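In what follows, a structure is listed as structure tokens, so that the remarks can point back to it.
Every number here is computed from the coordinates shown, using simple stated rules; none is lab data. Here the Cβ positions follow ideal geometry from the backbone for every residue, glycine too, while neighbour counts run over all protein chains shown.
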Amino acid sequence: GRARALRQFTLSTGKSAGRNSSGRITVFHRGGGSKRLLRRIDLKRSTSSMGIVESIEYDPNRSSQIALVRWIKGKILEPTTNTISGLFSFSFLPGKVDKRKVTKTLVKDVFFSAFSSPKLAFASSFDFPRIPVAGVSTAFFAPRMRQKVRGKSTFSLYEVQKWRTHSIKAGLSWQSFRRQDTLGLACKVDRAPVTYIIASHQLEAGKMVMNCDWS
Amino acid sequence: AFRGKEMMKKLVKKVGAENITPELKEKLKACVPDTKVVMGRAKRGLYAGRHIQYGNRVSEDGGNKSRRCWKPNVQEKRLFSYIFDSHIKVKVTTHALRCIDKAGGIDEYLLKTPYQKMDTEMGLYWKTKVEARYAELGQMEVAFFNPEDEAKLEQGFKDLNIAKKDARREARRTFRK
Amino acid sequence: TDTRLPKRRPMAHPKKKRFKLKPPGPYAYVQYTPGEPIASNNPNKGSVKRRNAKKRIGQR
Amino acid sequence: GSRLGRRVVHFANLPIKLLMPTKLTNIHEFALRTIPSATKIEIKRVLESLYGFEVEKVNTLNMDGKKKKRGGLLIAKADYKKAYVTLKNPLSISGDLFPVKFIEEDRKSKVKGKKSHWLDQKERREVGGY
Amino acid sequence: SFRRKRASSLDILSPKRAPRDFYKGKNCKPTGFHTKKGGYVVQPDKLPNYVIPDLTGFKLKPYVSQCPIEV
Amino acid sequence: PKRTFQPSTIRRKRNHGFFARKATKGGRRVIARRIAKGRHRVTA
RNA sequence: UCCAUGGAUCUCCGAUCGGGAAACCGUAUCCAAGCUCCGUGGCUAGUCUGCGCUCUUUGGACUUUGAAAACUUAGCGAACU
RNA sequence: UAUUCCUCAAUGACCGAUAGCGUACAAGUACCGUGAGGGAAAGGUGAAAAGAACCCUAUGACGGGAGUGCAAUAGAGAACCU
RNA sequence: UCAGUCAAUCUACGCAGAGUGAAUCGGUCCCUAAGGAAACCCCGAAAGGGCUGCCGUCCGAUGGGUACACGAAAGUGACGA
Ligand SMILES: [K+]
Ligand SMILES: [K+]
Ligand SMILES: [Mg+2]
Ligand SMILES: [Mg+2]
Ligand SMILES: [Mg+2]
Ligand SMILES: [Mg+2]
Ligand SMILES: [Mg+2]
Ligand SMILES: [Mg+2]
Ligand SMILES: [Mg+2]
Ligand SMILES: [Mg+2]
Ligand SMILES: [Mg+2]
Ligand SMILES: [Mg+2]
Ligand SMILES: [Mg+2]
Ligand SMILES: [Mg+2]
Ligand SMILES: [Mg+2]
Ligand SMILES: [Mg+2]
Ligand SMILES: [Mg+2]
Ligand SMILES: [Mg+2]
Ligand SMILES: [Mg+2]
Ligand SMILES: [Mg+2]
Ligand SMILES: [Mg+2]
Ligand SMILES: [Mg+2]
Ligand SMILES: [Mg+2]
Ligand SMILES: [Mg+2]
Ligand SMILES: [Mg+2]
Ligand SMILES: [Mg+2]
């Protein structure tokens, strides 16, 4: 070969001869050509740069010609509040009022153990639901676990929350959530960035090439 | 065909046969679904008991009969969940969507529908997860604040936001330095 | 009194190929001499070729 | 104890069947038969430790057992391994041992059908194979 | 000793009666590891060690005498 | 003339071998049928 | 010799630790606990203590359910005649 | 109530070596086919081997005598009753 | 005795015994092509079919390799008539 293409932009692919994944012919009258190698071409050109056309080469995979281009440019007292104006307790949202576990083995405990991990949760992954606070959304609220003995009213700035106004997220999948629950299961002087582009008419070596971005 | 027994064998093998008393076995026999589901894609979606049907297509003049099928109206949708605060991507029939409308959402449907009617091991898993999260929510309470405290905490949050911004910019410029 | 060390067994964990270690993007940073055209291949003193072929020629 | 090695054998059971050599004097190598799952290092170490040989090299080859087929019925013998052991010093075998004289006398029944120079050796080393 | 086999046992592939790249082996224990260059390295800890005590001057014999001594 | 059987051991094992029959559902039924009949050569 | 009961040894594929042209190849699983022997380090030096692996006991971490004629219950379902 | 991959005992106006299972006998064997697959043949000396020492003629006894045995054309080497 | 286009003393025929020696030869081993398959995901009355990549695994010579192990924004191995 007189001019081998640049080894960073040469890929190898076979021939199909019109045969699909099942092996049967779907496009007729193809097959038995010459051997080819695939060239990688920048068809996006989204990066805004300046370049010098180095050479115009031959590409067997397409009718036009390609061009090799080297690119030359491109701890304070928090407001602790002890006054609460009202307490709301989510005790009817389960839909059935029942006591809290720590003993007979129950159906719900069997179904919890059968679908649990291989080896509280209202944080980190999902956080506090917006529903709780739905009667009045723009109000600073402090969630807390309900205690058997009467609790304290001291509330620091870290323990008070308010969905701003931005939120008036991601999305789970019905059949692929169990797997995810299961743990997840300028350079130096000797270098030069170069790319392959589709050469235009009247574009020879030594010329300028621009990529422009929105202004 | 004997789907209840083949699901009960898997559940027993997961949980350990020594762990269950005979009364718990008798109770667990009445929660595992014993429905007739054969098609593969109905075990991966919320179909609410709709299945395919194979029957005859009959011509008008000749009466000639040739085989055909009726398929359920399966649609892929995103349904909003109140306790997960996000969408769940499912393949529901419109029959299941209408039942969800009557129940009041996907979460309320999962709470209301009993274990035998879930038809599916993934349905059992999702009902169990939603019930566990609602039992977690059943032991919490929120406390609201007076407007003077509203203003005080708003001012405190403004102070912490502007101090964090100043300290972050100072750290960035010193690391640049 | 041998202070020499024994040869060690190769490990069987999968190894990354050099195609995946290359940074992504359209640009390739090639070796550049600032007055000479860009060559597509730069063999050095350790690039030997056709060793099995020379073995077969010697056998024949 | 077990800290001495990973593979320590106290009761070896490797069966070695010696093949009768052609000559009685100046024996430089000998052949033997054993089980197919034996290794050169196992044969060399058993022969050095148990009998007191001075082994130089061990060369092995596999053989199939003898078979007879009579159209559907098949009878056969077990597969074996043949080993050649080369000695560092020549050894010898006396004639008076049974059945050496019978072996030589039966072997010679089947096979019925001067100018020495200066610096010429007499007993040279006769080793075959690769 | 001749023993009976089945005539269908001749169909089991053996490297003596196979193409040149067929490898079966004879259940020998390994002594080292293969290299990446087609060689082999013998690890000396995997070689067998034989503990044969000195048998000179031993008074016991392979057989037990069967002379008539007593009931 | 060139006859139809041209032998090749690797091709024989790759088409009618034990693990080639064990790989698909038809060959597993072939193996079950052979064992039930009582053939000495279950696979080729 | 033989019989009854209980023991010691008990290769490989099918097959399930990974690969595979079935009867072959490669394989010290991993982590806490407490014990004899082992070697090495450090003290003011005497029933002084502190570091390791190899192999042993007891647990728990990963997974290996599994075959089979007809009967039973389900799904799809012909054509000759 | 249904069936028999299985076990134990019993019965037959069921068959009797071209019959009865494909197989009374080392048969899913030999053999045919790339493969799925197809698929045989072949029972009997005598009560007991006492299976014919010895002689003659041929290269060689399976022959002609002799002898064993009730009987030897009852004298065979996967085969000798009629 | 059978087979050999024999009446054969001979033999690729019957009985018995013996014979194949490897750091370098040919394989095993490492690496991949065409191709095959698992996992994840997608589809489907069941059985199964697709997908092998954006982060991704195991096999597969008719080809590329011959005196440690680990890593790579370095070169390359590297090829027509
Ligand atoms: K019809
Ligand atoms: K008679
Ligand atoms: Mg050899
Ligand atoms: Mg046997
Ligand atoms: Mg050979
Ligand atoms: Mg083995
Ligand atoms: Mg295995
Ligand atoms: Mg069953
Ligand atoms: Mg018959
Ligand atoms: Mg008759
Ligand atoms: Mg007849
Ligand atoms: Mg055949
Ligand atoms: Mg006679
Ligand atoms: Mg009679
Ligand atoms: Mg003749
Ligand atoms: Mg003659
Ligand atoms: Mg002859
Ligand atoms: Mg011969
Ligand atoms: Mg070699
Ligand atoms: Mg591929
Ligand atoms: Mg594929
Ligand atoms: Mg698949
Ligand atoms: Mg695989
Ligand atoms: Mg490989
Ligand atoms: Mg090759
Ligand atoms: Mg080449």
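Take the alpha-carbon centre of the stretch A:16-47, take the same for chain F, and report the distance between them in whole Å.
Using only Cα atoms, the two centres lie 37 Å from each other.
Quick one: if you stick a label point 7 Å off each Cα along the C-beta vector at residue C:44 and residue A:43, how many nm between them?
3.6 nm
Over 31 Å between C-alpha atoms is what I'm after, so list which of A:169/B:43; A:152/B:102; C:54/D:57; D:17/D:67; D:66/F:2; B:127/C:16 land there.
A:152/B:102; C:54/D:57; D:66/F:2; B:127/C:16
Would you pull out the residues with amide H under 5 Å of residue D:80's amide H, same chain only if 5 or more places away, H placed 1.01 Å from N?
Counting only residues 5 or more places away or on other chains, the set is D:63, D:65.
Out of the GluC sites (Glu not before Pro) in the stretch D:22-55, which ones are loop residues according to DSSP with at most 12 other C-beta atoms within 10 Å?
Here the GluC sites (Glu not before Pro) that fit, given the DSSP loop and packing criteria, are D:54.
Can you return the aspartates and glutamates within cross-link range of residue E:29? Criterion is Cα-Cα under 14 Å, with same-chain partners fewer than 8 residues away left out.
Counting by Cα, and skipping residues close in sequence, residue E:29 has these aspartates and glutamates nearby: D:42, E:45.
Compute the FRET efficiency between residue C:3 and residue D:3 as 1/(1 + (r/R0)^6), taking r as their Cβ-Cβ distance and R0 = 30 Å, and round to the nearest 0.05.
0.80
Based on the Cβ-Cβ distance of residue A:34 and residue B:1, what FRET efficiency does E = 1/(1 + (r/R0)^6) give at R0 = 56 Å, to the nearest 0.05?
E between residue A:34 and residue B:1, to the nearest 0.05, is 0.40.
Determine the distance separating the Cα centre of the stretch B:14-86 from the Cα centre of the stretch D:38-107; give it in Å without decimals.
For the stretch B:14-86 versus the stretch D:38-107, the Cα centre distance is 73 Å.
List the chymotrypsin sites (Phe, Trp or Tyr not before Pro) in the stretch E:1-48 that DSSP assigns to loop (not H, G, I, E or B) and whose Cβ has at most 14 other Cβ atoms within 10 Å. Which are they?
Hits after loop and neighbour filter: E:2, E:22, E:23.
Run the simple label-point estimate for residue D:33 and residue A:62 please: 7 Å along Cα→C-beta, distance reported in nm.
It is 7.6 nm.
Considering all alpha-carbon pairs of the stretch D:20-130, what whole percent are spaced by more than 25 angstrom? Don't jump to the answer; show the numbers that get you there.
Numbers: 2758 of 6105 pairs.
The answer is 45 percent, as a whole percent.
Cross-link list C:15/E:46; B:13/B:36; A:108/B:29: which exceed 25 angstrom alpha carbon to alpha carbon?
Details: C:15/E:46 28 Å; B:13/B:36 23 Å; A:108/B:29 14 Å.
C:15/E:46, as the Cα separations exceed 25 Å there.
Starting from the 7 Å offset along Cα-to-Cβ, what nm value, one decimal, do you get for the label separation of residue B:95 and residue E:59?
Spacing of the two 7 Å Cα→Cβ label points: 9.7 nm.
Taking H placed 1.01 Å from N in the peptide plane, check which residues at least 5 places from residue A:59 or on another chain put their amide H under 5 Å from its amide H.
A:66
Would you mind pulling out the separation of the Cα centroids of the stretch E:27-71 and the stretch A:92-163, in Å?
Taking the Cα centre of each part, the stretch E:27-71 and the stretch A:92-163 sit 71 Å apart.
Can you list, bin by bin at 5 Å, the percent of alpha carbon pairs in chain E, starting at 0?
3, 8, 8, 11, 11, 8, 9, 12, 9, 8, 6, 3, 2, 1, 0
Please work out whether the stretch A:82-140 counts as rounded, prolate or oblate from its C-alpha gyration tensor, where a ≥ b ≥ c are the square roots of the eigenvalues and a/c under 1.5 means rounded, while otherwise a/b larger than b/c means prolate and anything else oblate?
Since a/c reaches 1.5 and a/b is larger than b/c, the shape of the stretch A:82-140 is classed as prolate.
Give me the Å³ per residue figure for the convex hull around the C-alpha atoms of the protein assembly as shown.
Hull volume normalised by residue count: 599 Å³.
Quick check for me: using +1 on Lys/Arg Cβ and -1 on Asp/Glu Cβ, what's the dipole size of the protein assembly as shown about its Cα centre, in debye to the nearest 20?
In debye, rounded to 20, the protein assembly as shown gives about 4640.
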